[PDB]
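Below is the file start06.pdb, which contains PDB, N, CA and C atoms.
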```pdb
ATOM      1  N   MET U   1      21.863 -41.035  77.825
ATOM      2  CA  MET U   1      20.865 -39.976  77.812
ATOM      3  C   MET U   1      21.490 -38.636  77.463
ATOM      4  N   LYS U   2      21.707 -38.423  76.172
ATOM      5  CA  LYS U   2      22.315 -37.194  75.698
ATOM      6  C   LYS U   2      21.334 -36.032  75.807
ATOM      7  N   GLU U   3      21.887 -34.832  75.953
ATOM      8  CA  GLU U   3      21.106 -33.612  76.103
ATOM      9  C   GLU U   3      21.384 -32.694  74.923
ATOM     10  N   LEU U   4      20.322 -32.192  74.304
ATOM     11  CA  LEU U   4      20.469 -31.255  73.203
ATOM     12  C   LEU U   4      20.988 -29.916  73.708
ATOM     13  N   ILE U   5      21.794 -29.262  72.882
ATOM     14  CA  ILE U   5      22.390 -27.977  73.222
ATOM     15  C   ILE U   5      21.706 -26.909  72.385
ATOM     16  N   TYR U   6      21.164 -25.898  73.050
ATOM     17  CA  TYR U   6      20.516 -24.783  72.382
ATOM     18  C   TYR U   6      21.456 -23.590  72.345
ATOM     19  N   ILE U   7      21.412 -22.853  71.242
ATOM     20  CA  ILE U   7      22.164 -21.619  71.086
ATOM     21  C   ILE U   7      21.175 -20.484  70.877
ATOM     22  N   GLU U   8      21.435 -19.361  71.538
ATOM     23  CA  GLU U   8      20.560 -18.203  71.444
ATOM     24  C   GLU U   8      20.556 -17.650  70.025
ATOM     25  N   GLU U   9      19.445 -17.018  69.664
ATOM     26  CA  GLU U   9      19.309 -16.450  68.333
ATOM     27  C   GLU U   9      20.300 -15.305  68.147
ATOM     28  N   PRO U  10      20.973 -15.241  67.003
ATOM     29  CA  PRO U  10      21.971 -14.191  66.790
ATOM     30  C   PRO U  10      21.331 -12.821  66.676
ATOM     31  N   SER U  11      22.094 -11.809  67.068
ATOM     32  CA  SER U  11      21.643 -10.427  67.027
ATOM     33  C   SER U  11      22.231  -9.757  65.795
ATOM     34  N   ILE U  12      21.371  -9.213  64.953
ATOM     35  CA  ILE U  12      21.801  -8.480  63.773
ATOM     36  C   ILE U  12      21.646  -6.994  64.048
ATOM     37  N   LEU U  13      22.446  -6.192  63.363
ATOM     38  CA  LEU U  13      22.423  -4.754  63.566
ATOM     39  C   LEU U  13      21.387  -4.102  62.659
ATOM     40  N   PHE U  14      21.063  -2.855  62.974
ATOM     41  CA  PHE U  14      20.063  -2.104  62.228
ATOM     42  C   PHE U  14      20.454  -0.633  62.273
ATOM     43  N   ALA U  15      19.496   0.235  61.961
ATOM     44  CA  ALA U  15      19.758   1.666  61.904
ATOM     45  C   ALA U  15      20.088   2.216  63.285
ATOM     46  N   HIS U  16      20.888   3.287  63.291
ATOM     47  CA  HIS U  16      21.320   3.993  64.501
ATOM     48  C   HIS U  16      22.079   3.085  65.462
ATOM     49  N   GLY U  17      22.750   2.067  64.931
ATOM     50  CA  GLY U  17      23.554   1.194  65.759
ATOM     51  C   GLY U  17      22.775   0.322  66.712
ATOM     52  N   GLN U  18      21.497   0.093  66.448
ATOM     53  CA  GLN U  18      20.659  -0.713  67.320
ATOM     54  C   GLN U  18      20.536  -2.125  66.765
ATOM     55  N   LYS U  19      20.349  -3.081  67.667
ATOM     56  CA  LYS U  19      20.331  -4.493  67.319
ATOM     57  C   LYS U  19      18.934  -5.064  67.501
ATOM     58  N   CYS U  20      18.490  -5.843  66.518
ATOM     59  CA  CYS U  20      17.231  -6.568  66.612
ATOM     60  C   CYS U  20      17.426  -7.993  66.120
ATOM     61  N   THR U  21      16.344  -8.760  66.047
ATOM     62  CA  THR U  21      16.408 -10.136  65.574
ATOM     63  C   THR U  21      15.615 -10.350  64.297
ATOM     64  N   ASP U  22      14.347  -9.977  64.281
ATOM     65  CA  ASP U  22      13.550 -10.097  63.068
ATOM     66  C   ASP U  22      13.974  -9.030  62.067
ATOM     67  N   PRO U  23      14.202  -9.389  60.803
ATOM     68  CA  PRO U  23      14.585  -8.358  59.830
ATOM     69  C   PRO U  23      13.431  -7.455  59.449
ATOM     70  N   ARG U  24      12.235  -8.015  59.264
ATOM     71  CA  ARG U  24      11.078  -7.201  58.910
ATOM     72  C   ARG U  24      10.710  -6.244  60.036
ATOM     73  N   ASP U  25      10.694  -6.734  61.276
ATOM     74  CA  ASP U  25      10.358  -5.873  62.403
ATOM     75  C   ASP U  25      11.421  -4.803  62.618
ATOM     76  N   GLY U  26      12.696  -5.174  62.494
ATOM     77  CA  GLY U  26      13.759  -4.197  62.656
ATOM     78  C   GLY U  26      13.757  -3.146  61.564
ATOM     79  N   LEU U  27      13.413  -3.547  60.339
ATOM     80  CA  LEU U  27      13.291  -2.582  59.256
ATOM     81  C   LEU U  27      12.105  -1.656  59.477
ATOM     82  N   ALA U  28      10.958  -2.214  59.869
ATOM     83  CA  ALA U  28       9.772  -1.401  60.090
ATOM     84  C   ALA U  28       9.912  -0.489  61.297
ATOM     85  N   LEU U  29      10.787  -0.826  62.241
ATOM     86  CA  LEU U  29      11.014   0.032  63.397
ATOM     87  C   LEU U  29      12.159   1.009  63.149
ATOM     88  N   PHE U  30      13.332   0.494  62.788
ATOM     89  CA  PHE U  30      14.512   1.326  62.590
ATOM     90  C   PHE U  30      14.787   1.593  61.115
ATOM     91  N   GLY U  31      14.966   0.543  60.326
ATOM     92  CA  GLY U  31      15.251   0.698  58.922
ATOM     93  C   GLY U  31      16.665   0.296  58.571
ATOM     94  N   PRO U  32      17.095   0.637  57.361
ATOM     95  CA  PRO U  32      18.423   0.226  56.905
ATOM     96  C   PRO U  32      19.524   1.013  57.593
ATOM     97  N   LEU U  33      20.712   0.411  57.613
ATOM     98  CA  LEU U  33      21.871   1.083  58.188
ATOM     99  C   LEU U  33      22.317   2.246  57.314
ATOM    100  N   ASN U  34      22.421   2.017  56.011
ATOM    101  CA  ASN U  34      22.853   3.034  55.066
ATOM    102  C   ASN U  34      21.662   3.476  54.233
ATOM    103  N   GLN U  35      21.454   4.784  54.154
ATOM    104  CA  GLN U  35      20.310   5.360  53.461
ATOM    105  C   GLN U  35      20.762   5.869  52.099
ATOM    106  N   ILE U  36      20.218   5.279  51.037
ATOM    107  CA  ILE U  36      20.503   5.738  49.686
ATOM    108  C   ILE U  36      19.689   6.990  49.414
ATOM    109  N   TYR U  37      20.073   7.738  48.386
ATOM    110  CA  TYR U  37      19.342   8.943  48.034
ATOM    111  C   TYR U  37      18.065   8.642  47.268
ATOM    112  N   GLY U  38      17.947   7.446  46.703
ATOM    113  CA  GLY U  38      16.810   7.099  45.876
ATOM    114  C   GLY U  38      17.256   6.578  44.528
ATOM    115  N   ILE U  39      16.486   5.667  43.943
ATOM    116  CA  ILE U  39      16.844   5.042  42.677
ATOM    117  C   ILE U  39      15.659   5.122  41.730
ATOM    118  N   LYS U  40      15.951   5.259  40.441
ATOM    119  CA  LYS U  40      14.925   5.242  39.413
ATOM    120  C   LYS U  40      14.838   3.853  38.800
ATOM    121  N   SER U  41      13.616   3.395  38.575
ATOM    122  CA  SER U  41      13.376   2.053  38.074
ATOM    123  C   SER U  41      13.162   2.065  36.569
ATOM    124  N   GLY U  42      13.289   0.889  35.978
ATOM    125  CA  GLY U  42      13.017   0.716  34.566
ATOM    126  C   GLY U  42      12.273  -0.578  34.334
ATOM    127  N   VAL U  43      11.389  -0.554  33.343
ATOM    128  CA  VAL U  43      10.531  -1.689  33.036
ATOM    129  C   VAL U  43      10.535  -1.936  31.537
ATOM    130  N   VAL U  44      10.628  -3.207  31.155
ATOM    131  CA  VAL U  44      10.541  -3.634  29.766
ATOM    132  C   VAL U  44       9.407  -4.638  29.654
ATOM    133  N   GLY U  45       8.486  -4.395  28.732
ATOM    134  CA  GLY U  45       7.413  -5.347  28.519
ATOM    135  C   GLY U  45       6.247  -4.713  27.783
ATOM    136  N   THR U  46       5.117  -5.407  27.853
ATOM    137  CA  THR U  46       3.873  -5.024  27.209
ATOM    138  C   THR U  46       3.191  -3.930  28.037
ATOM    139  N   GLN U  47       2.357  -3.124  27.363
ATOM    140  CA  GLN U  47       1.557  -2.097  28.029
ATOM    141  C   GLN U  47       0.772  -2.664  29.203
ATOM    142  N   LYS U  48       0.217  -3.866  29.033
ATOM    143  CA  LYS U  48      -0.509  -4.515  30.117
ATOM    144  C   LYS U  48       0.404  -4.788  31.302
ATOM    145  N   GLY U  49       1.621  -5.258  31.036
ATOM    146  CA  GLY U  49       2.574  -5.456  32.114
ATOM    147  C   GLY U  49       2.964  -4.157  32.787
ATOM    148  N   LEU U  50       3.102  -3.087  32.002
ATOM    149  CA  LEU U  50       3.463  -1.791  32.566
ATOM    150  C   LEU U  50       2.368  -1.254  33.479
ATOM    151  N   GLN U  51       1.108  -1.332  33.044
ATOM    152  CA  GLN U  51       0.029  -0.840  33.895
ATOM    153  C   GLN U  51      -0.188  -1.745  35.099
TER     154      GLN U  51
ATOM    155  N   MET Z   1      26.436  49.927   3.217
ATOM    156  CA  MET Z   1      25.086  50.396   2.939
ATOM    157  C   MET Z   1      24.043  49.337   3.256
ATOM    158  N   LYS Z   2      24.430  48.075   3.124
ATOM    159  CA  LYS Z   2      23.507  46.980   3.369
ATOM    160  C   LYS Z   2      23.279  46.796   4.862
ATOM    161  N   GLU Z   3      22.057  46.422   5.216
ATOM    162  CA  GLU Z   3      21.693  46.229   6.605
ATOM    163  C   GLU Z   3      22.166  44.867   7.098
ATOM    164  N   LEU Z   4      22.154  44.705   8.417
ATOM    165  CA  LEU Z   4      22.503  43.445   9.055
ATOM    166  C   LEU Z   4      21.469  43.142  10.127
ATOM    167  N   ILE Z   5      20.975  41.914  10.135
ATOM    168  CA  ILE Z   5      19.838  41.552  10.963
ATOM    169  C   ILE Z   5      20.327  41.049  12.316
ATOM    170  N   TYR Z   6      19.421  41.034  13.286
ATOM    171  CA  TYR Z   6      19.706  40.545  14.625
ATOM    172  C   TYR Z   6      18.717  39.444  14.975
ATOM    173  N   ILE Z   7      19.205  38.418  15.661
ATOM    174  CA  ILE Z   7      18.373  37.329  16.153
ATOM    175  C   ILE Z   7      18.305  37.439  17.665
ATOM    176  N   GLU Z   8      17.091  37.419  18.200
ATOM    177  CA  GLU Z   8      16.895  37.496  19.636
ATOM    178  C   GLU Z   8      17.448  36.256  20.327
ATOM    179  N   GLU Z   9      17.803  36.421  21.588
ATOM    180  CA  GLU Z   9      18.336  35.319  22.371
ATOM    181  C   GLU Z   9      17.227  34.323  22.674
ATOM    182  N   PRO Z  10      17.393  33.048  22.340
ATOM    183  CA  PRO Z  10      16.309  32.085  22.539
ATOM    184  C   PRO Z  10      16.126  31.746  24.007
ATOM    185  N   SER Z  11      14.938  31.242  24.315
ATOM    186  CA  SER Z  11      14.555  30.890  25.671
ATOM    187  C   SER Z  11      14.540  29.377  25.812
ATOM    188  N   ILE Z  12      15.256  28.875  26.798
ATOM    189  CA  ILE Z  12      15.306  27.446  27.068
ATOM    190  C   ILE Z  12      14.276  27.113  28.133
ATOM    191  N   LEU Z  13      13.665  25.941  28.008
ATOM    192  CA  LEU Z  13      12.618  25.538  28.930
ATOM    193  C   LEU Z  13      13.198  25.222  30.303
ATOM    194  N   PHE Z  14      12.328  25.248  31.304
ATOM    195  CA  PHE Z  14      12.731  25.012  32.681
ATOM    196  C   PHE Z  14      11.571  24.339  33.405
ATOM    197  N   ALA Z  15      11.617  24.359  34.733
ATOM    198  CA  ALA Z  15      10.600  23.708  35.541
ATOM    199  C   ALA Z  15       9.245  24.379  35.361
ATOM    200  N   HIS Z  16       8.192  23.577  35.510
ATOM    201  CA  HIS Z  16       6.788  23.970  35.412
ATOM    202  C   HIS Z  16       6.417  24.518  34.041
ATOM    203  N   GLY Z  17       7.234  24.275  33.022
ATOM    204  CA  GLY Z  17       6.965  24.769  31.692
ATOM    205  C   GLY Z  17       7.436  26.180  31.425
ATOM    206  N   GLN Z  18       7.949  26.877  32.433
ATOM    207  CA  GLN Z  18       8.438  28.228  32.233
ATOM    208  C   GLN Z  18       9.777  28.208  31.507
ATOM    209  N   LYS Z  19      10.104  29.336  30.884
ATOM    210  CA  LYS Z  19      11.317  29.448  30.093
ATOM    211  C   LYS Z  19      12.015  30.763  30.403
ATOM    212  N   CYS Z  20      13.338  30.753  30.268
ATOM    213  CA  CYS Z  20      14.157  31.938  30.470
ATOM    214  C   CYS Z  20      15.303  31.914  29.472
ATOM    215  N   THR Z  21      15.844  33.097  29.185
ATOM    216  CA  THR Z  21      16.953  33.188  28.243
ATOM    217  C   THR Z  21      18.255  32.690  28.846
ATOM    218  N   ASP Z  22      18.490  32.975  30.114
ATOM    219  CA  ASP Z  22      19.703  32.590  30.812
ATOM    220  C   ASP Z  22      19.521  31.241  31.490
ATOM    221  N   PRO Z  23      20.487  30.331  31.341
ATOM    222  CA  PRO Z  23      20.348  29.030  32.009
ATOM    223  C   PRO Z  23      20.501  29.121  33.512
ATOM    224  N   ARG Z  24      21.468  29.905  33.989
ATOM    225  CA  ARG Z  24      21.671  30.061  35.424
ATOM    226  C   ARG Z  24      20.477  30.733  36.091
ATOM    227  N   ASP Z  25      19.959  31.806  35.492
ATOM    228  CA  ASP Z  25      18.802  32.481  36.068
ATOM    229  C   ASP Z  25      17.559  31.605  36.000
ATOM    230  N   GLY Z  26      17.371  30.897  34.887
ATOM    231  CA  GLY Z  26      16.225  30.011  34.772
ATOM    232  C   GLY Z  26      16.279  28.864  35.761
ATOM    233  N   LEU Z  27      17.482  28.368  36.046
ATOM    234  CA  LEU Z  27      17.637  27.365  37.090
ATOM    235  C   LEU Z  27      17.320  27.953  38.456
ATOM    236  N   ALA Z  28      17.857  29.140  38.746
ATOM    237  CA  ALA Z  28      17.668  29.752  40.053
ATOM    238  C   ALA Z  28      16.225  30.159  40.305
ATOM    239  N   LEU Z  29      15.451  30.409  39.254
ATOM    240  CA  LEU Z  29      14.060  30.797  39.432
ATOM    241  C   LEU Z  29      13.127  29.592  39.442
ATOM    242  N   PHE Z  30      13.363  28.623  38.562
ATOM    243  CA  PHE Z  30      12.468  27.485  38.416
ATOM    244  C   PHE Z  30      13.133  26.153  38.721
ATOM    245  N   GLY Z  31      14.259  25.856  38.085
ATOM    246  CA  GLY Z  31      14.970  24.633  38.361
ATOM    247  C   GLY Z  31      14.972  23.672  37.193
ATOM    248  N   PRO Z  32      15.593  22.513  37.384
ATOM    249  CA  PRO Z  32      15.686  21.533  36.299
ATOM    250  C   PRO Z  32      14.341  20.898  35.995
ATOM    251  N   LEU Z  33      14.249  20.347  34.784
ATOM    252  CA  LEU Z  33      13.010  19.717  34.344
ATOM    253  C   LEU Z  33      12.734  18.439  35.125
ATOM    254  N   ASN Z  34      13.731  17.572  35.249
ATOM    255  CA  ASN Z  34      13.588  16.315  35.968
ATOM    256  C   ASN Z  34      14.342  16.413  37.284
ATOM    257  N   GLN Z  35      13.631  16.200  38.386
ATOM    258  CA  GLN Z  35      14.217  16.286  39.720
ATOM    259  C   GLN Z  35      14.713  14.902  40.109
ATOM    260  N   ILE Z  36      16.030  14.713  40.062
ATOM    261  CA  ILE Z  36      16.602  13.455  40.506
ATOM    262  C   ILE Z  36      16.557  13.377  42.026
ATOM    263  N   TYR Z  37      16.773  12.173  42.541
ATOM    264  CA  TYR Z  37      16.698  11.935  43.972
ATOM    265  C   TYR Z  37      18.019  12.180  44.682
ATOM    266  N   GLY Z  38      19.052  12.581  43.958
ATOM    267  CA  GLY Z  38      20.381  12.669  44.518
ATOM    268  C   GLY Z  38      21.246  11.493  44.097
ATOM    269  N   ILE Z  39      22.555  11.697  44.175
ATOM    270  CA  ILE Z  39      23.525  10.718  43.707
ATOM    271  C   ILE Z  39      24.622  10.562  44.746
ATOM    272  N   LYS Z  40      25.120   9.339  44.890
ATOM    273  CA  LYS Z  40      26.236   9.070  45.784
ATOM    274  C   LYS Z  40      27.538   9.415  45.074
ATOM    275  N   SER Z  41      28.267  10.384  45.613
ATOM    276  CA  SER Z  41      29.487  10.852  44.976
ATOM    277  C   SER Z  41      30.645   9.911  45.273
ATOM    278  N   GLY Z  42      31.449   9.645  44.251
ATOM    279  CA  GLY Z  42      32.635   8.832  44.419
ATOM    280  C   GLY Z  42      33.902   9.617  44.169
ATOM    281  N   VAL Z  43      34.863   9.516  45.081
ATOM    282  CA  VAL Z  43      36.096  10.288  45.013
ATOM    283  C   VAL Z  43      37.280   9.332  45.055
ATOM    284  N   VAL Z  44      38.219   9.525  44.134
ATOM    285  CA  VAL Z  44      39.487   8.808  44.125
ATOM    286  C   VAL Z  44      40.585   9.856  44.177
ATOM    287  N   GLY Z  45      41.417   9.795  45.207
ATOM    288  CA  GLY Z  45      42.456  10.789  45.366
ATOM    289  C   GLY Z  45      43.173  10.607  46.683
ATOM    290  N   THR Z  46      43.941  11.623  47.052
ATOM    291  CA  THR Z  46      44.675  11.575  48.302
ATOM    292  C   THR Z  46      43.786  12.011  49.460
ATOM    293  N   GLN Z  47      44.314  11.848  50.674
ATOM    294  CA  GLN Z  47      43.635  12.389  51.843
ATOM    295  C   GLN Z  47      43.652  13.910  51.827
ATOM    296  N   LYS Z  48      44.696  14.510  51.252
ATOM    297  CA  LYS Z  48      44.664  15.942  50.993
ATOM    298  C   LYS Z  48      43.599  16.265  49.959
ATOM    299  N   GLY Z  49      43.468  15.410  48.945
ATOM    300  CA  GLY Z  49      42.349  15.532  48.029
ATOM    301  C   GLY Z  49      41.017  15.356  48.727
ATOM    302  N   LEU Z  50      40.963  14.457  49.714
ATOM    303  CA  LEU Z  50      39.741  14.264  50.489
ATOM    304  C   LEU Z  50      39.344  15.535  51.222
ATOM    305  N   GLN Z  51      40.281  16.130  51.964
ATOM    306  CA  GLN Z  51      39.935  17.318  52.736
ATOM    307  C   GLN Z  51      39.673  18.517  51.836
TER     308      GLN Z  51
END
```
Spit out the file's structure as structure tokens when you get a sec.
Amino acid sequence: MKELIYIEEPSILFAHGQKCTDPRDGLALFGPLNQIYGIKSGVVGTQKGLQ
Amino acid sequence: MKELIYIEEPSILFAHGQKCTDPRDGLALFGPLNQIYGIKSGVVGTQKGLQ
């Protein structure tokens, strides 16, 4: 009669040195660890794809 | 005896469509045409270069 072994969910870090588990929830609450200044995007394709 | 003509200093465009003759003054009054989001600076050098 073997017994299964459970391991607790790992803790990942987030902004301001705080730890959460869900990435979406931690991002929506705290956000990324490193904050970029902002990036400009580029698109190649048809006018319909652009709009 | 012959005359010599003068050309006025041209005006370079700036923010909001305004223009000025001096680039530094036009920047200080209006600013650049395209406002970037900022850039991450990269430095290669000594720690004395760092400070």
Expected answer as a compact mmCIF listing (two decimals) with N, CA and C atoms, in the coordinates of the input: chain U residues within 7 Å of chain Z, all atoms listed in the file:
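Saved to selection.txt:
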```txt
# COMPACT_ATOMS: atom_id res chain seq x y z
N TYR U 37 20.07 7.74 48.39
CA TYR U 37 19.34 8.94 48.03
C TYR U 37 18.07 8.64 47.27
N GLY U 38 17.95 7.45 46.70
CA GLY U 38 16.81 7.10 45.88
C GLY U 38 17.26 6.58 44.53
N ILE U 39 16.49 5.67 43.94
CA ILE U 39 16.84 5.04 42.68
C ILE U 39 15.66 5.12 41.73
```
Worksheet item: Mind checking DSSP for chain U and telling me the alpha helix (DSSP H) residues as a PyMOL selection string?
Response: chain U and resi 23-29+47-50
Item to complete: Given the file shown, determine the residues that the PyMOL selection byres ((chain Z and resi 16) around 6.5) selects; report them as a PyMOL selection string.
Response: chain Z and resi 14-15+17-18+30+33
Would you mind aligning chain Z to chain U, a least-squares fit over all C-alpha atoms taken in order, and returning the superposed chain as a compact mmCIF listing (two decimals) with N, CA and C atoms, keeping the file's coordinate frame?
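Okay, superposed29.txt is ready:
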```
# COMPACT_ATOMS: atom_id res chain seq x y z
N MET Z 1 19.62 -40.24 76.28
CA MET Z 1 20.10 -39.80 77.58
C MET Z 1 20.95 -38.55 77.48
N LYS Z 2 21.64 -38.40 76.36
CA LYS Z 2 22.51 -37.25 76.16
C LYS Z 2 21.70 -36.00 75.89
N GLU Z 3 22.19 -34.87 76.38
CA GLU Z 3 21.51 -33.60 76.21
C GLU Z 3 21.79 -33.03 74.83
N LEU Z 4 21.00 -32.03 74.46
CA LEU Z 4 21.17 -31.31 73.21
C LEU Z 4 21.05 -29.82 73.48
N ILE Z 5 21.99 -29.05 72.95
CA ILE Z 5 22.12 -27.65 73.30
C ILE Z 5 21.29 -26.80 72.34
N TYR Z 6 21.01 -25.57 72.75
CA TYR Z 6 20.27 -24.62 71.94
C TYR Z 6 21.11 -23.36 71.76
N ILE Z 7 21.05 -22.78 70.57
CA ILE Z 7 21.71 -21.52 70.27
C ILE Z 7 20.65 -20.46 70.09
N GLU Z 8 20.80 -19.34 70.79
CA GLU Z 8 19.86 -18.25 70.69
C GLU Z 8 19.90 -17.62 69.30
N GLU Z 9 18.79 -17.01 68.92
CA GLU Z 9 18.69 -16.37 67.62
C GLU Z 9 19.54 -15.11 67.61
N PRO Z 10 20.47 -14.96 66.67
CA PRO Z 10 21.36 -13.80 66.69
C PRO Z 10 20.64 -12.53 66.27
N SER Z 11 21.23 -11.41 66.66
CA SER Z 11 20.67 -10.09 66.40
C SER Z 11 21.49 -9.41 65.32
N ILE Z 12 20.82 -8.96 64.28
CA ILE Z 12 21.47 -8.26 63.18
C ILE Z 12 21.37 -6.76 63.43
N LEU Z 13 22.41 -6.04 63.05
CA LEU Z 13 22.46 -4.60 63.29
C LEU Z 13 21.47 -3.87 62.39
N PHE Z 14 21.14 -2.65 62.80
CA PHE Z 14 20.17 -1.84 62.08
C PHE Z 14 20.57 -0.38 62.25
N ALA Z 15 19.63 0.52 61.97
CA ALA Z 15 19.89 1.95 62.04
C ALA Z 15 20.18 2.38 63.47
N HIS Z 16 21.00 3.43 63.59
CA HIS Z 16 21.42 4.05 64.84
C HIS Z 16 22.18 3.11 65.75
N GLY Z 17 22.68 1.99 65.23
CA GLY Z 17 23.41 1.03 66.03
C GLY Z 17 22.55 0.02 66.76
N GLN Z 18 21.23 0.16 66.70
CA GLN Z 18 20.35 -0.79 67.36
C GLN Z 18 20.30 -2.10 66.58
N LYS Z 19 19.91 -3.16 67.28
CA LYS Z 19 19.87 -4.49 66.70
C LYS Z 19 18.58 -5.19 67.09
N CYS Z 20 18.13 -6.08 66.21
CA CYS Z 20 16.94 -6.88 66.44
C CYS Z 20 17.15 -8.26 65.85
N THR Z 21 16.41 -9.24 66.37
CA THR Z 21 16.54 -10.60 65.87
C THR Z 21 15.88 -10.77 64.52
N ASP Z 22 14.74 -10.13 64.30
CA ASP Z 22 13.99 -10.23 63.07
C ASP Z 22 14.41 -9.13 62.10
N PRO Z 23 14.65 -9.47 60.83
CA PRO Z 23 15.03 -8.42 59.88
C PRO Z 23 13.89 -7.49 59.53
N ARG Z 24 12.69 -8.04 59.33
CA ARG Z 24 11.53 -7.21 59.01
C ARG Z 24 11.17 -6.28 60.16
N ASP Z 25 11.16 -6.80 61.39
CA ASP Z 25 10.84 -5.95 62.54
C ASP Z 25 11.94 -4.92 62.78
N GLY Z 26 13.20 -5.32 62.63
CA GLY Z 26 14.29 -4.37 62.81
C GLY Z 26 14.28 -3.27 61.77
N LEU Z 27 13.87 -3.61 60.54
CA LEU Z 27 13.70 -2.59 59.52
C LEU Z 27 12.55 -1.66 59.87
N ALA Z 28 11.41 -2.23 60.29
CA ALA Z 28 10.23 -1.43 60.58
C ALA Z 28 10.42 -0.54 61.80
N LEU Z 29 11.31 -0.91 62.71
CA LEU Z 29 11.54 -0.09 63.90
C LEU Z 29 12.65 0.93 63.68
N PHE Z 30 13.73 0.54 63.01
CA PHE Z 30 14.89 1.41 62.85
C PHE Z 30 15.20 1.73 61.40
N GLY Z 31 15.34 0.72 60.55
CA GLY Z 31 15.58 0.95 59.15
C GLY Z 31 16.96 0.49 58.71
N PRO Z 32 17.26 0.69 57.43
CA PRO Z 32 18.55 0.24 56.89
C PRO Z 32 19.70 1.08 57.42
N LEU Z 33 20.89 0.50 57.34
CA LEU Z 33 22.09 1.17 57.83
C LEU Z 33 22.44 2.37 56.95
N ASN Z 34 22.46 2.19 55.64
CA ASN Z 34 22.78 3.26 54.71
C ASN Z 34 21.50 3.69 54.00
N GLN Z 35 21.18 4.97 54.11
CA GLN Z 35 19.97 5.52 53.50
C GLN Z 35 20.33 6.02 52.11
N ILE Z 36 19.92 5.27 51.09
CA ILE Z 36 20.13 5.71 49.72
C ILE Z 36 19.16 6.84 49.39
N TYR Z 37 19.44 7.53 48.29
CA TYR Z 37 18.63 8.67 47.89
C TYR Z 37 17.45 8.28 47.02
N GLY Z 38 17.27 6.99 46.75
CA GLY Z 38 16.28 6.55 45.79
C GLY Z 38 16.91 6.18 44.46
N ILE Z 39 16.19 5.37 43.70
CA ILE Z 39 16.69 4.83 42.44
C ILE Z 39 15.61 4.96 41.38
N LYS Z 40 16.04 5.23 40.15
CA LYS Z 40 15.12 5.28 39.02
C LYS Z 40 14.85 3.87 38.52
N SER Z 41 13.60 3.44 38.60
CA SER Z 41 13.24 2.08 38.23
C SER Z 41 13.12 1.95 36.72
N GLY Z 42 13.64 0.85 36.19
CA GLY Z 42 13.51 0.56 34.78
C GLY Z 42 12.68 -0.68 34.52
N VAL Z 43 11.72 -0.57 33.61
CA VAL Z 43 10.79 -1.66 33.33
C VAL Z 43 10.84 -1.98 31.84
N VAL Z 44 10.96 -3.26 31.53
CA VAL Z 44 10.86 -3.76 30.16
C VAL Z 44 9.74 -4.78 30.14
N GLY Z 45 8.72 -4.54 29.33
CA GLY Z 45 7.58 -5.43 29.29
C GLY Z 45 6.49 -4.87 28.41
N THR Z 46 5.31 -5.46 28.53
CA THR Z 46 4.18 -5.00 27.74
C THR Z 46 3.50 -3.82 28.42
N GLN Z 47 2.55 -3.22 27.70
CA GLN Z 47 1.71 -2.20 28.31
C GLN Z 47 0.80 -2.80 29.37
N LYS Z 48 0.40 -4.06 29.20
CA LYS Z 48 -0.27 -4.76 30.29
C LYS Z 48 0.69 -4.97 31.45
N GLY Z 49 1.95 -5.28 31.14
CA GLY Z 49 2.97 -5.30 32.17
C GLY Z 49 3.16 -3.94 32.81
N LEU Z 50 3.04 -2.87 32.01
CA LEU Z 50 3.14 -1.52 32.55
C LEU Z 50 2.05 -1.24 33.57
N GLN Z 51 0.79 -1.51 33.20
CA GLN Z 51 -0.30 -1.21 34.12
C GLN Z 51 -0.30 -2.14 35.33
```
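DSSP on the backbone gives strand (DSSP E) for these parts of chain U: residues 12, 13, 19 and 20 of chain U.
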Fill in: All residues 7 Å or closer to residue 11 of chain U, only N, CA and C atoms, same chain fewer than 3 positions away omitted, as a PyMOL selection string
chain U and resi 8+19-21
Build an axis-aligned box that encloses every atom of segment 37-42 of chain Z listed in the file, pad it by 4 Å on each side, and report its centre and edge lengths in Å to one decimal, as AutoDock Vina command-line options.
```
--center_x 25.3 --center_y 10.8 --center_z 44.2 --size_x 25.2 --size_y 11.8 --size_z 11.2
```
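Taking atom CA of residue 45 of chain Z and atom CA of residue 32 of chain U as endpoints, the distance between them is 28.7 Å.
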Generate the coordinates of N, CA, C and O atoms for segment 38-43 of chain Z; report them as a tab-separated table (two decimals), keeping the file's coordinate frame.
```tsv
chain	number	residue	atom	x	y	z
Z	38	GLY	N	19.05	12.58	43.96
Z	38	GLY	CA	20.38	12.67	44.52
Z	38	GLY	C	21.25	11.49	44.10
Z	38	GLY	O	20.76	10.43	43.71
Z	39	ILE	N	22.56	11.70	44.18
Z	39	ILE	CA	23.52	10.72	43.71
Z	39	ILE	C	24.62	10.56	44.75
Z	39	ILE	O	25.01	11.53	45.41
Z	40	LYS	N	25.12	9.34	44.89
Z	40	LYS	CA	26.24	9.07	45.78
Z	40	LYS	C	27.54	9.41	45.07
Z	40	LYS	O	27.87	8.81	44.05
Z	41	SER	N	28.27	10.38	45.61
Z	41	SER	CA	29.49	10.85	44.98
Z	41	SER	C	30.64	9.91	45.27
Z	41	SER	O	30.81	9.44	46.40
Z	42	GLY	N	31.45	9.64	44.25
Z	42	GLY	CA	32.64	8.83	44.42
Z	42	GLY	C	33.90	9.62	44.17
Z	42	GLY	O	34.02	10.31	43.16
Z	43	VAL	N	34.86	9.52	45.08
Z	43	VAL	CA	36.10	10.29	45.01
Z	43	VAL	C	37.28	9.33	45.06
Z	43	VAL	O	37.32	8.40	45.87
```
